[PDB]
Amino acid sequence: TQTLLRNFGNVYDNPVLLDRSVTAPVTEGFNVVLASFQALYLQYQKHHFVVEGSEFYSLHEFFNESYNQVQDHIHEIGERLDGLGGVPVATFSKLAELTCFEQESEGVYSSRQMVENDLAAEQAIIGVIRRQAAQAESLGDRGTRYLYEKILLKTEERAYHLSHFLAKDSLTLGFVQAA
Amino acid sequence: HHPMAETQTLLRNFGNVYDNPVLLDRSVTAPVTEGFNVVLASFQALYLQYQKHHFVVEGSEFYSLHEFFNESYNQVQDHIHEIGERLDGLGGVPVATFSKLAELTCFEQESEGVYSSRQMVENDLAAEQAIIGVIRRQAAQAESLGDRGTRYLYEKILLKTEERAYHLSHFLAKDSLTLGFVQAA
Amino acid sequence: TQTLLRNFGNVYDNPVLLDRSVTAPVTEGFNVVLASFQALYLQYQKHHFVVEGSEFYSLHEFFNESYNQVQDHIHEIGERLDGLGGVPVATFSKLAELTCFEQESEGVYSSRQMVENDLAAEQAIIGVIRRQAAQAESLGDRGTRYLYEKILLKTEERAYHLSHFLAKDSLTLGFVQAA
Amino acid sequence: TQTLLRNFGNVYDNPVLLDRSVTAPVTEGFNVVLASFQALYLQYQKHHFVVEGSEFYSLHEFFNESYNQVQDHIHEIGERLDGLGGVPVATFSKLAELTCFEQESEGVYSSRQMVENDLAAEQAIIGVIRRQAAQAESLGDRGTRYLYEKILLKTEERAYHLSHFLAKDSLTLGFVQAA
Amino acid sequence: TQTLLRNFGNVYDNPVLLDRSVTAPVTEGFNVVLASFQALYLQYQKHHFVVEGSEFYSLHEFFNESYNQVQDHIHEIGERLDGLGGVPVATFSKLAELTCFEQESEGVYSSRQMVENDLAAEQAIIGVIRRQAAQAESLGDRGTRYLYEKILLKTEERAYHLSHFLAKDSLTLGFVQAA
Amino acid sequence: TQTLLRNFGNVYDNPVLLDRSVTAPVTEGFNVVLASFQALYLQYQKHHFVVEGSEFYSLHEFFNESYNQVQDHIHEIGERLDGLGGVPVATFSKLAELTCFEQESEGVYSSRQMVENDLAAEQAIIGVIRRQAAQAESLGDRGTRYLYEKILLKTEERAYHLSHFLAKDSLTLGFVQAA
Amino acid sequence: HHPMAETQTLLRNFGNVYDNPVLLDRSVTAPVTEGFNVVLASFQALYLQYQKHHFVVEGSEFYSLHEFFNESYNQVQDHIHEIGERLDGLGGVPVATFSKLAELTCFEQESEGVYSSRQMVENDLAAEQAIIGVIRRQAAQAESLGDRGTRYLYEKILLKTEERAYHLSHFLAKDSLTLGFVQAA
Amino acid sequence: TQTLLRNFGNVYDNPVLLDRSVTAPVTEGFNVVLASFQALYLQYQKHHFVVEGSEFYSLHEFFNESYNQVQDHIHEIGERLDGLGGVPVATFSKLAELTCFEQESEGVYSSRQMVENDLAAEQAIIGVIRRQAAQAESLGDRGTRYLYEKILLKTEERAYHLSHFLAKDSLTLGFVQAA
Amino acid sequence: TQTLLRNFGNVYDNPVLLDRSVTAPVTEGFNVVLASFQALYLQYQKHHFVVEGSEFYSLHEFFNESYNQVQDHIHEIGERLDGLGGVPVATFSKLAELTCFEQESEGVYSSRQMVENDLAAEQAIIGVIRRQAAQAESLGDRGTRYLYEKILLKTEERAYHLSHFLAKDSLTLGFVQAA
Amino acid sequence: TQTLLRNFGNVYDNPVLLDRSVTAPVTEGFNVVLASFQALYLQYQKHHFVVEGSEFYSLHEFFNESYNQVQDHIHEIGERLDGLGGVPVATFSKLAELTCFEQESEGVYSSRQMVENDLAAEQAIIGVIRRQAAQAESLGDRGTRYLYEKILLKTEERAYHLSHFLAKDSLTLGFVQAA
Amino acid sequence: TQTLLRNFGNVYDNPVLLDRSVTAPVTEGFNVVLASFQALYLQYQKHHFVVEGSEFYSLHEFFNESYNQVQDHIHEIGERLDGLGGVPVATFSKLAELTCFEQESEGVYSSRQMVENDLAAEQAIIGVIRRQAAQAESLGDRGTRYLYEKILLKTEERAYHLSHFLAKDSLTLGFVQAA
């Protein structure tokens with residue numbers, strides 16, 4: 001709140017011998033992924049707060065595990081983005097601009113809708129991560145490629161879990177009428 | 001389909017208060033949950049700002065500041081968790097979208113870009129102070145309305161928030177071990 | 001160093017002063033129980049991997065706890081079996097021959113069917129453990145009798161839990177059509 | 001044990017935006033590696049139970065550590081194989097069909113022969129993991145490639161340790177007759 | 001060192017509703033097992049201090065684990081013996097009188113002889129524990145019978161381990177001359 | 001508080017292959033022991049709250065350790081009682097009916113009276129446990145017999161400790177007038 | 001130099017209140033911090049006394065008393081830490097010298113020498129009671145002045161202090177297992 | 001607060017076979033060191049409360065570590081002083097009389113002045129400890145000599161750290177004007 | 001492998017460059033201290049088992065802490081004694097010969113007598129440790145001197161505690177008849 | 001047993017099926033990276049010992065964290081290097097020959113110079129690790145490539161931190177003269 | 001790498017009231033011991049990496065424990081040397097100059113030769129530590145003397161353990177031909 005030292009959207013020097021021709025696209029991509037994960041952190045946390053119904057106890061725990069993991073991804077991305085000379089996004093307006101998926105609207109939806117929304121979000125992020133990992137590989141930034149692969153594996157795992165929640169099976173099918 | 005047709009069907013609508021299981025009247029839970037959403041949004045703003053500061057702080061005292069900013073946004077996250085759970089418990093609908101968070105926060109986030117460590121600490125202190133003001137107002141309201149649990153929760157959070165403000169103030173004080181061998185302004 | 005030192009199916013010396021007339025049938029029985037628990041470990045672990053649907057999170061956890069406990073039983077049995085001069089079973093073909101229940105067929109079944117299959121397996125094993133405990137008692141091998149009783153109690157406990165999963169009650173009965 | 005939902009040998013849908021042209025070969029390969037590791041888990045565990053003689057205390061511990069680590073590999077593989085829409089192997093007969101090495105025969109061998117057998121098993125598995133990692137890389141499954149590399153490093157480490165046990169050196173050479 | 005309250009060799013009252021016809025023989029037996037375990041604790045500890053040579057690191061650890069476990073047996077026995085109204089043995093002379101095996105003579109023996117001596121000691125103790133467990137069972141002292149069975153299983157396990165150390169196998173047989 | 005599914009006093013099915021001719025008397029006995037332990041939990045907890053005087057600090061801690069242990073017994077009994085098809089007691093009136101000892105009257109008694117009351121309670125429970133263990137043994141329910149023996153040993157140990165508190169010895173006898 | 005020349009230069013002067021970062025007026029922070037210094041001094045006195053008792057207690061119940069006195073002075077140390085940090089945060093200057101501590105404590109420390117275990121426990125109880133009185137007064141003051149964080153902090157400390165008083169009272173009660181076989185007075 | 005049993009300044013009996021010609025000077029010295037450490041505990045704690053400015057976070061932590069360590073020294077000294085028959089100092093007035101350095105005056109000084117004051121205090125205490133250690137050695141109280149040496153090493157280490165804080169170096173010298 | 005390799009009472013080689021003229025008397029003394037601590041371990045443990053009456057809970061705990069600490073001393077002494085080329089004592093007869101105090105006679109004494117007996121034992125051991133520390137110092141074995149001083153301080157501390165138990169003070173003096 | 005078994009500079013057998021044409025250059029490179037990290041471990045540790053001045057507390061901690069992390073890298077590299085049939089460097093002279101950066105000269109430099117020197121060292125090592133990772137990839141040694149990428153990411157992270165320490169910002173700029 | 005503040009080989013001021021007539025020889029000696037321990041750390045670590053053969057598992061662990069302990073000695077020495085105003089050695093060339101033993105040559109030796117080399121190194125270090133402790137004592141630096149005695153005891157312990165590994169005893173002597 002006064003005199004800027006470094007401007008958002010510019011890439012500055014780094015101490016790890018990468019050219020700014022590498023760090024500019026790499027940090028731009030990191031900001032997209034950071035914004036997307038902030039959007040997803042907020043959404044999972046909302047889901048944690050509001051989920052109700054017969055399986056809410058397990059969903060409540062899963063949503064908490066999930067936003068904690070997303071928070072870890074955020075921490076690793078922000079630290080590396082800054083390390084490489086980038087300026088990390090932090091304002092609501094810019095986060096909204098950069099996120100690769102649109103957050104769930106305000107209000108409370110069903111547990112199935114929440115899980116669907118989280119899965120579509122993870123899928124959007126998977127797409128971006130794969131693109132950014134390929135770019136890092138091509139540009140010779142192994143550290144970034146490896147970091148993205150670690151995060152990708154965890155992200156794919158969350159998607160697996162979400163898919164499991166949505167599957168059309170239940171112990172109740174033994175004594176309730178199927179659709 | 002028609003633009004006004006409902007895809008994704010809402011159960012609770014934002015801005016409205018629903019039933020609660022703890023025998024509090026809506027005359028209590030409506031203002032209490034409205035206030036919780038302001039505090040929630042403000043703490044989300046501050047979490048993001050402290051975390052930004054954690055990422056970007058540099059210079060001669062950055063190691064201590066880096067750790068302090070991490071501790072601080074972790075604590076703010078704990079406040080957020082307690083508020084959101086109770087807000088929902090009382091029948092309210094917690095805010096979660098970037099646009100509404102920006103509308104409800106009681107202070108304006110630091111602009112994009114990187115500022116000095118002193119400016120960052122000043123910005124965090126001004127944010128904590130804004131939040132202190134709202135928490136005191138909301139705690140008094142909860143007291144007057146008979147919501148003891150909310151009043152107590154706010155007092156727990158207030159004490160931690162005041163503590164962060166004390167630390168921020170200490171970082172800003174015009175003293176340093178370096179004064180023994182550098183030229184004072 | 002290339003030749004067999006002990007042959008499967010024979011009992012050798014033991015250092016705990018038990019007659020080979022005791023250790024032969026005791027270790028033969030341990031091998032049946034070992035094989036049965038390997039079969040069940042594999043089945044629980046499969047169930048852990050594939051279970052899906054509305055209660056999958058709790059079932060996923062339960063199946064993991066269960067195969068970890070079964071693995072502990074296997075460890076205790078194998079160590080004691082060798083200690084008593086027996087040769088423990090370890091090949092796929094012989095495990096299939098000795099197991100007291102037939103593994104679930106390859107493919108994926110419903111969560112209710114998986115739970116039913118695990119319960120039937122635990123019940124087969126309970127039967128064998130009771131017979132082997134009685135034998136150890138009769139033959140004067142207190143240590144084996146006691147070990148089996150410890151394992152029996154845990155095995156009975158898993159059966160209780162499985163039966164709870166199968167019971168025809170749910171929170172959903174308040175708002176879904178029964179039958 | 002009644003109505004199959006999904007058939008072994010088929011690949012189904014996944015939630016991580018991979019084409020079945022990728023997930024079919026990847027999950028087929030995972031099932032070979034899963035079966036191989038189950039064979040090795042059983043063999044290491046056998047070795048833990050039966051190893052004896054002057055260095056048995058160290059070997060006993062090493063074999064325990066090793067089958068625990070192999071069990072972790074199995075858990076990771078099974079979870080991912082299922083996530084990608086595959087059906088994991090779990091029956092004795094199919095495991096025997098798919099394993100890339102032949103288990104040690106029933107009976108007890110010498111400590112040196114057990115260690116040689118475990119080393120040959122790790123080496124077979126190393127070969128398959130390398131082929132499957134190269135495949136994952138070529139097909140664009142970074143998550144799978146990365147997971148295999150993590151597992152490869154640990155597997156290579158076990159091979160190093162087995163090789164060290166076999167080396168023709170001992171403190172006893174100071175006072176016993178060398179061959 | 002002045003005025004005795006209770007005399008060694010007498011059984012006094014107990015608070016667990018057992019007749020002195022039961023507690024007299026039970027506590028007499030506990031004192032034999034207590035003395036035997038004190039003898040074995042001292043012997044294992046000696047072995048821990050003095051064991052040397054090519055496998056001493058493993059033997060050193062094993063002997064430490066073993067005397068720690070024996071100390072736990074002693075604690076349980078002494079507490080129960082006192083609870084049942086008995087007076088526990090504690091003097092060197094009486095311990096020597098009651099132990100069911102003769103301690104290793106002063107001096108240092110070879111590692112193989114130390115292990116043989118510990119095995120013979122465990123075997124003597126196994127015999128007494130079995131007789132005392134049978135007695136407790138016949139007299140209706142279930143608590144005592146159960147405690148002995150717990151201790152028996154651990155004692156048998158130590159005997160298995162000692163037997164494994166003595167087995168005529170070694171990795172060194174690949175490159176040293178066998179007798 | 002509306003429509004009963006299962007009635008108190010009836011035994012239902014179990015999944016561990018025991019006949020209802022076994023589980024009826026076994027679960028009836030478990031309810032007596034459960035009620036008795038609830039009575040004792042409440043009494044120990046009261047004693048924890050109200051004990052005062054020169055040794056209150058140690059007594060306060062002992063009473064807390066004791067009711068925590070009794071709570072563990074309760075947990076194990078209730079779970080098994082339900083597992084075997086029984087319906088566990090939980091109302092104040094029925095607990096009062098089934099307890100094998102009468103709770104201390106309301107009010108605060110001396111520390112010695114409290115300890116005496118707890119000892120008489122443990123002694124009542126010991127009697128019932130031994131009877132129920134014998135029954136389980138006779139009826140072939142090994143798991144129940146073993147569970148009771150574990151609990152019996154802990155219960156006897158509490159009785160030993162209580163007896164120790166009551167003994168007519170004190171460090172104060174060196175400088176206070178004896179009765 | 002002249003005796004009135006300043007060697008070691010003071011930044012804050014004892015007895016005065018400076019700025020705080022938590023939006024409380026000096027009309028609040030002056031009496032609040034004055035009271036905190038009394039409570040701080042009183043707890044330092046009690047820490048020293050409990051620790052003395054820990055060192056010197058002997059006799060038939062000394063093992064339990066020894067442990068209790070240790071637990072107690074550790075807890076008092078925690079109270080001291082919370083008070084001192086908040087006192088400074090609010091702009092006050094915490095007392096630390098032996099002379100001023102002796103002036104401000106709300107009870108008189110036990111005299112040098114060794115007393116009986118009963119007398120030691122009586123002295124500790126009387127000290128806790130003095131401190132309970134001051135804490136209740138200071139909590140009421142904080143409430144009336146609108147310093148919720150201070151009021152809450154004092155209530156946390158009060159509950160622990162009351163708990164120590166309950167335990168002390170229990171040690172003093174005229175009951176013992178020995179009454180079954182020794183002559184009552 | 002009534003009838004003294006033992007008087008301050010007198011030395012009483014001890015149970016460790018030291019003559020009162022030893023314990024009188026040893027305990028007198030322990031009281032000087034105890035008083036000095038209480039003075040320093042209070043001063044470090046004050047510094048913890050009041051330190052502010054650009055390095056306050058590290059200083060705040062250091063001052064807390066330091067007064068915790070001083071508290072440990074106090075505990076060891078008081079226990080041993082009493083053990084040897086001495087009466088430990090505890091009143092503000094007597095502490096002020098016996099401390100070997102004068103506490104910082106009331107008020108808040110600069111961080112550099114605080115660190116200087118703490119260093120001068122540690123230096124005073126080092127002097128006394130060395131004198132008292134030499135005395136203990138001369139008088140044959142090895143335990144006291146050893147205790148003082150343990151405390152001396154920690155005290156010297158605090159002095160090293162304080163000296164490091166005061167040194168005329170800073171990362172800021174790269175971009176601020178030197179004096 | 002059956003014959004003695006080292007004889008009791010003789011010193012053998014050491015690897016720490018100490019003359020056998022040092023290690024002979026040092027290890028002879030270690031054996032006296034070892035035997036004395038074995039005697040005290042047994043005595044404290046007896047006291048732990050049998051102590052009863054109004055303060056038994058605290059005494060029970062103290063005796064356990066004490067014999068655990070004595071066991072640590074024994075471990076350090078035995079290891080160092082062997083390290084220096086000595087042969088550690090381990091038989092009942094030789095332990096009785098070397099202990100520097102006579103064990104409490106069989107039977108049960110009062111709590112005050114037990115505490116008095118433990119104090120007399122600690123005092124005997126303090127005497128020997130001081131003599132052996134002085135010897136090690138004179139002979140140039142710093143390591144032994146230091147080890148003894150560590151043990152001495154803990155031993156003195158136990159003596160302090162024992163003397164506190166014996167002091168003629170009690171909370172009960174407020175309401176029982178003195179003398 | 002006195003003669004060299006393997007010569008430095010030669011590669012020997014490996015058990016992971018890699019051609020010696022791979023393991024020779026891979027292990028040669030590991031030795032350069034090992035030597036470079038030993039040089040850096042020593043330098044960071046020196047910096048830890050000697051750093052002083054206004055920010056020394058944070059720098060002291062950072063240097064410790066850093067050399068602990070470097071030590072972990074050394075451990076992983078040395079183990080793998082030996083595993084692949086290489087001989088690891090360990091002598092001062094050869095370490096000096098192989099390190100990819102020159103250690104700071106003896107004596108003490110300013111905190112800013114120490115940090116600059118550590119940054120230059122990390123940057124030299126980053127260069128070598130990237131070259132060696134690329135080589136491992138090209139030669140088909142995935143495990144080595146992956147290990148290097150893990151180490152690279154941690155090494156890049158230390159470089160980020162060092163550069164943060166060096167940045168021309170401070171809280172002191174608010175009240176000291178710039179330039 | 002620019003402007004020295006302090007020169008190697010000079011002693012500067014200290015804050016613990018020791019004359020430079022004391023700190024000069026003390027810090028010179030600390031640098032010899034520091035260099036010797038760095039040499040030994042590197043040698044033990046090498047041995048950890050390369051040890052192989054029938055007892056390698058135990059030796060591998062022992063060497064790891066040993067270099068970890070040596071690293072702790074180094075940390076303590078460097079911190080104290082700096083505290084006393086000395087400049088610690090850190091370059092390969094100077095370390096080689098100051099070490100009191102010559103490192104093992106590059107290459108791999110047998111396990112027995114490695115253990116012999118480590119023992120000779122410990123023995124060289126024991127000699128220097130004893131001389132430096134005597135010096136510290138004579139010069140009045142109690143802190144330094146005490147620190148050396150702590151380190152001496154651990155160093156002697158490592159020498160005991162190495163000696164035990166070298167002893168001409170093995171379990172294998174029961175079935176292999178002795179030289």
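Protein chains get the first letters and strands the later ones, always in sequence-line order, with residue 1 at the start of each.
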Open item on the list: Walk me through whether J:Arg130 and J:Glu156 qualify under salt bridge (charged side-chain N to carboxylate O under 4.0 Å, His left out).
Closed with: CA-CA 11 Å; J:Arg130 288 176 180 155; J:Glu156 287 177 342; 2.8 Å; yes
TODO: Over 60° means perpendicular and under 30° means parallel, so classify the ring planes of A:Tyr67 and A:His48, tilted if in between.
DONE: perpendicular
TODO: Just say parallel, tilted or perpendicular for the rings of A:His75 and B:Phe55, cut-offs at 30° and 60°.
DONE: tilted
Open item on the list: Aromatic contact between D:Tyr146 and J:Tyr146, with the criterion being ring centroids under 6.0 Å apart: yes or no?
Closed with: yes
Task: Within the 6.0 Å centroid threshold, strictly below: D:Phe30 and D:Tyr148 - done: yes
- [ ] Give a yes-or-no answer on whether the side chains of J:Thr155 and J:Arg158 include a donor-acceptor pair shorter than 3.5 Å.
- [x] yes
- [ ] Please check if any side-chain donor atom of A:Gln103 sits under 3.5 Å from a side-chain acceptor atom of B:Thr97, or the reverse.
- [x] no
With a 4.5 Å heavy-atom cut-off, do [X] and [Y] have their side chains touching?
{"X": "A:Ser93", "Y": "B:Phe98", "answer": "no"}
{"X": "J:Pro25", "Y": "J:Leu139", "answer": "yes"}
{"X": "A:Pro15", "Y": "J:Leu162", "answer": "no"}
{"X": "A:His161", "Y": "A:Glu122", "answer": "no"}
{"X": "J:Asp141", "Y": "J:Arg80", "answer": "yes"}
{"X": "J:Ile77", "Y": "J:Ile151", "answer": "yes"}
{"X": "B:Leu10", "Y": "A:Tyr109", "answer": "yes"}
{"X": "A:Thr144", "Y": "A:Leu84", "answer": "yes"}

- [ ] Could you tell me whether J:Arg145 and J:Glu137 make a salt bridge, using a distance below 4.0 angstrom between a side-chain N and a carboxylate O?
- [x] no
With no hydrogens and no angle check, is any side-chain donor or acceptor of [X] less than 3.5 Å from a backbone partner on [Y]?
{"X": "A:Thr99", "Y": "A:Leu95", "result": "no"}
{"X": "D:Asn31", "Y": "D:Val87", "result": "yes"}
{"X": "C:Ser54", "Y": "A:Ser170", "result": "no"}
{"X": "A:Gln43", "Y": "A:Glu104", "result": "yes"}
{"X": "A:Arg112", "Y": "A:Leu166", "result": "yes"}
{"X": "J:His164", "Y": "B:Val57", "result": "yes"}
{"X": "A:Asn10", "Y": "B:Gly113", "result": "no"}
{"X": "D:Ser138", "Y": "D:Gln135", "result": "yes"}
{"X": "B:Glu112", "Y": "A:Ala90", "result": "yes"}
{"X": "D:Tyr12", "Y": "D:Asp82", "result": "no"}

TODO: Look at atom NZ of D:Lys150 and say whether more than 12 heavy atoms of other residues, nucleotides or ligands are closer to it than 6.0 Å.
DONE: yes
Open item on the list: Counting only heavy atoms from other residues, nucleotides and ligands, does the tally under 6.0 Å from CD of A:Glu65 exceed 12?
Closed with: yes
I need the minimum non-hydrogen distance between [X] and [Y], along with the two atoms involved.
{"X": "A:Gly86", "Y": "A:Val11", "result": "N-CG2, 4.1 Å"}
{"X": "A:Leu152", "Y": "D:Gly143", "result": "CD2-N, 4.1 Å"}
{"X": "D:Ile126", "Y": "D:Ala159", "result": "CD1-CB, 4.2 Å"}
{"X": "D:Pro88", "Y": "D:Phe8", "result": "C-CE1, 4.1 Å"}
{"X": "A:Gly85", "Y": "A:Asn14", "result": "N-CB, 4.4 Å"}

Between [atom1] of [X] and [atom2] of [Y], what distance do you get to the nearest 0.5 Å?
{"X": "A:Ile74", "Y": "A:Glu79", "atom1": "CD1", "atom2": "CD", "result": "13.0 Å"}
{"X": "J:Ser66", "Y": "J:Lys154", "atom1": "OG", "atom2": "NZ", "result": "12.5 Å"}
{"X": "A:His47", "Y": "A:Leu42", "atom1": "NE2", "atom2": "CG", "result": "11.0 Å"}
{"X": "D:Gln123", "Y": "D:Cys100", "atom1": "CD", "atom2": "SG", "result": "11.0 Å"}
{"X": "D:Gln132", "Y": "D:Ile125", "atom1": "CD", "atom2": "CD1", "result": "12.5 Å"}

TODO: Show your reasoning for whether side-chain contact (heavy atoms from CB on, under 4.5 Å) applies to A:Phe165 and A:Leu119.
DONE: CA-CA 10 Å; A:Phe165 279 119; A:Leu119 178 59; over 6 Å; no
Open item on the list: Run the side chain to side chain donor-acceptor pair (under 3.5 Å) test on D:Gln71 and C:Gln45 for me, step by step, so that the C-alpha distance in whole Å, both residues' side-chain angles and the decisive distance to 0.1 Å come before the verdict.
Closed with: CA-CA 11 Å; D:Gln71 185 61 37; C:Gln45 180 180 246; 2.6 Å; yes
Open item on the list: Between A:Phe37 and A:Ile129, does the side-chain contact (heavy atoms from CB on, under 4.5 Å) criterion hold? Intermediate values first, please.
Closed with: CA-CA 11 Å; A:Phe37 275 136; A:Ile129 289 177; 4.1 Å; yes
TODO: Output, in order, the C-alpha distance, side-chain angles, deciding distance and verdict of side chain to side chain donor-acceptor pair (under 3.5 Å) for B:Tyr47 and A:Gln38.
DONE: CA-CA 11 Å; B:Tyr47 142 76; A:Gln38 295 287 191; 2.8 Å; yes
TODO: Step by step, work out the salt bridge (charged side-chain N to carboxylate O under 4.0 Å, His left out) result for A:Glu97 and A:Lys94.
DONE: CA-CA 5 Å; A:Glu97 183 182 323; A:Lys94 188 64 67 176; 3.2 Å; yes
TODO: Kindly indicate, with the supporting measurements, whether the criterion side-chain contact (heavy atoms from CB on, under 4.5 Å) is fulfilled by A:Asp72 and A:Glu76.
DONE: CA-CA 6 Å; A:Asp72 190 70; A:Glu76 292 199 288; 3.9 Å; yes
Task: Worked check of side chain to side chain donor-acceptor pair (under 3.5 Å) between A:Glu61 and C:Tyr57 - done: CA-CA 10 Å; A:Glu61 186 176 319; C:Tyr57 186 90; 2.9 Å; yes
